[PDB]
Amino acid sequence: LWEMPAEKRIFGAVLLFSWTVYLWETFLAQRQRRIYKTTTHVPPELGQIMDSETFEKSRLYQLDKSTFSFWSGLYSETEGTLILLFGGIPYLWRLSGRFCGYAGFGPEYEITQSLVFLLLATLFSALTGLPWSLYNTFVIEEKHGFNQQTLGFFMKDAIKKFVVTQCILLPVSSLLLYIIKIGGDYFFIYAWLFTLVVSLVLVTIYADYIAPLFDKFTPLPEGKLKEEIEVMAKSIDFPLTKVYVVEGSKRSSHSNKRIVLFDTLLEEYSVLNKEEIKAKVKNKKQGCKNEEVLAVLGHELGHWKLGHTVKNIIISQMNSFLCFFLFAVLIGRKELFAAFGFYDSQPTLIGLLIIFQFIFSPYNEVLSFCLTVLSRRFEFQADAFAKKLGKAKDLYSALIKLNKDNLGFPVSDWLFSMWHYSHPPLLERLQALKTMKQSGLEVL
């Protein structure tokens, strides 16, 4: 192994790391699936939190998602393994060159060929994802009562998302690739700065110019909820401007500056809210009453007051800086390219692909995991901020009702949930909302 050629050590290590992660995640998923199969009546830590009918409905939902997840993750690991072993990436590259030369563009036009590759690669991935997304939407989600869309809506939506993605992706990619080629030895600072500016622009225009292409937004109607939101926002110096409702119910009954609220979150504005004896119980409808929406807003506004959003932005740009720096260190190493079937050329984009996705693999995994732990910490802090606003009782209630409307299963394997859950389990959140309050607490 030591004496194995570097190009073989590189390829082998990327592929073995892939398989290792996949086996670790298959192991974890099995432990969680076992809980769905095993935990067949409500535990006593939970009598007050779910009734037996909702519990079975959630267990059955989550178990179908888990089975679908096993097959998706097996197909995805196989497809990736086979692409790597049989050179699908050099193949698609050479195929992109072939399109270029029948349009009169020779190999010297590398960025052009790169943009063709970007189009085909994203198309391929879009196409191979489509059977799975259709099955999840029109079998799993349909079966358990959540899907609201037709196939025609689904396909209209998919094409529009793909087109809009290309409209932004390709021009931005031609420039970033140019910048990389024309800077140096400090090109990576300008590469980093350009991606920061693109990221800033995109985030600044998304609400007005991209989001309304895909969803219907309407102002929250005048009433008691609109006014309590305004009071709360003032109370924390939040410069609330307008409250909008997004008609998520065009897609799904699931429920999740400006404030935007899903209509499925709102008992009295959900579009989806608008028999042998009882009949009456068939009045159990979706969304949260107003005092619950407010506590959830209290939580969301905690992410703002506590500066979590600013911390996430800083983390992502420091990470982006670090990766562009290391890309600069590594991109002259011709063995990295040869590992993946690029012998006669070292295209810049192929370089980004290999270094950011393959070589940086272990760092990407460690960082994902670190961000997941941090996320859990921020969620407890946002819950605690709503407690501090005086809304613990309503947030407690809110989390139970949303868990029910979305059929969350509130028992999890501790290892699976440590690895995967960006929000702490429901029961851990409810216990935290029950604790005491405040005095001096100056016992540092």
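From 1 onward, residues are counted along the sequence shown.
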If you count the residues of the deposited sequence that sit between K274 and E275 but have no coordinates, do you get none, 1 to 3, 4 to 9, or 10 or more? 10 or more
Per the entry, how many deposited residues between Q357 and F358 lack coordinates? The answer is none
Hey, which bit's got the bigger mean C-alpha B factor in the entry, 101-109 or 364-372? 101-109
Tell me which stretch has the larger mean Cα B-factor in this entry, 85-93 or 236-244. 236-244
Report the option among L407, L399, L63, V411 whose CA atom has the maximum B-factor in the deposited record. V411
Among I10, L23, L430, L16, where is the Cα B factor highest in this entry? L430
Chain-wide C-alpha B factor ranking for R59, given as lowest, middle or highest third: lowest
Third of the chain, ranked by Cα B-factor, where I35 sits: highest
Would you please rank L294 by its C-alpha temperature factor against the other modelled residues of its chain and give the third it falls in: lowest, middle or highest? middle
Assert third(CA B-factor, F70) within chain per record equals lowest
Taking the chain's C-alpha temperature factors as the reference, tell me which third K257 falls into: lowest, middle or highest. highest
